[PDB]
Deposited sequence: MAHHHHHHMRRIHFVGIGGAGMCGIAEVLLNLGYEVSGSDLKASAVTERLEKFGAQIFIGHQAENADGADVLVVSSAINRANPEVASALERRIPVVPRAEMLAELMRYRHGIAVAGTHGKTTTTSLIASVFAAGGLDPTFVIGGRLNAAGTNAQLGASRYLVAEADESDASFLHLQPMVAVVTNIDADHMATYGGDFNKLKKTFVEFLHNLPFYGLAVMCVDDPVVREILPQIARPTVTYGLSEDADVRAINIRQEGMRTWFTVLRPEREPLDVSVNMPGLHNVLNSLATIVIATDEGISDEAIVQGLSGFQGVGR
């Protein structure tokens, strides 16, 4: 397959995916009801844009991507012609197969942790593409989305594509019951899904686990993958101690195996943001990012 066709390519969750696929070297086409600066930018980058929906817009497409949600003549034409029609969320999840993917999973804290990771990686000069709220970003980037080696993405356990993400590194911030309905209303089935998620890591991958959560601590011995734990717990690999405040800024000292203690600060209050920073610190440490870029990335994040 070489040509991907987006139905509604100007949508806020669609244009970013099309831009990465252009960056990856694919032929990209898309239709929309109105030309916009979004479709003009995509066209400048090589996308073929159709205004209006008609069956012929899907001619030649190898796969269709359709908006979160079917009588549409492009879709109907693709089905009758046995062209696969994939939902937006699946194509988004698939982008991780082309990059060094960092999946930020857990029921709470994904958005902040993803942003903190992006901020530290940016401070180290790596310009990562990142996914928050289903939207691809690259902060102040001067390039097509997806240009960086790194893709940092929220992994939502309620998303149909959860068990199809192929990350190199995965965080589990915590395991709550918000999305029990996704798994038959059974919290134990939800827990097993996190184990299966972590087993999509390759044996050389890394699982970053918050052991302050008793549910994470419970599934920890089932993860037959390399693991680094973090939290305030005395037995966490990467720990925060001596937590203090100076204004709206929280300071703490981070302990890491075989490293000197490092003082960091973060511009947001609450232990949950200390934990989000610890997760970030584990990932940046494992990736080899300097202490200065870590301090700069955490300290400069607004919110």
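Stretches of the deposited sequence absent from the structure, as judged by C-alpha coordinates, are 1-8, 78-79, 314-316.
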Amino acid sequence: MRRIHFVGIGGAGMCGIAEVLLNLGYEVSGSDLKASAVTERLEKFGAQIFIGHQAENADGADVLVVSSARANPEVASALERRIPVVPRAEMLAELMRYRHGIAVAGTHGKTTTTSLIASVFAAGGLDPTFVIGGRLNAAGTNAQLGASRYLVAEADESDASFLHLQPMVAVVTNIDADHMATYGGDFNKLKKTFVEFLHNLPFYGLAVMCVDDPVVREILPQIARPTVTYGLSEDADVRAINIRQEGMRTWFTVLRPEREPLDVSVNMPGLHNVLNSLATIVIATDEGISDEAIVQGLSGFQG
From here on, numbers count along this sequence of modelled residues.
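Whichever C-alpha set is largest while still superposing within 1.5 Å between the two forms counts as the rigid core.
Here 77-85 and 92-100 are scored by the root mean square distance of their C-alpha atoms in 5 other deposited structures of this protein, with each structure fitted by the rigid core; the higher score goes to 77-85.
Between 170-178 and 114-122, the larger root mean square Cα shift in 5 other deposited structures of this protein, once each structure is superposed on the rigid core, falls on 170-178. In the comparison with other entries of the same protein, residue 194 is given coordinates in all of those covering both sides of it, so it never reaches the one-third threshold. For residue 128, the fraction of other compared entries lacking coordinates, among those that model flanking residues, is zero, nowhere near a third. For the segment pair 28-36 and 270-278, the entry gives 28-36 the higher mean B-factor, averaged over Cα atoms. Stretches 260-268 and 52-60 differ in mean CA B factor, with 52-60 having the higher one.
Between the residues 114, 166, 72, 173, the entry's highest C-alpha temperature factor is the one at 72. In this entry, the residue among 106, 128, 184, 214 with the greatest C-alpha B factor is 184. Annotation for residue 12: CA B-factor lies in the highest third of the chain's modelled residues. Compared with the other modelled residues of the chain, the Cα B-factor recorded for residue 124 ranks in the middle third.
Remark: residue 180 belongs to the highest third of its chain, ranked by C-alpha B-factor as recorded. Annotation for residue 139: CA B-factor lies in the highest third of the chain's modelled residues.
Sort the modelled residues of the chain by CA B factor and residue 248 lands in the highest third.
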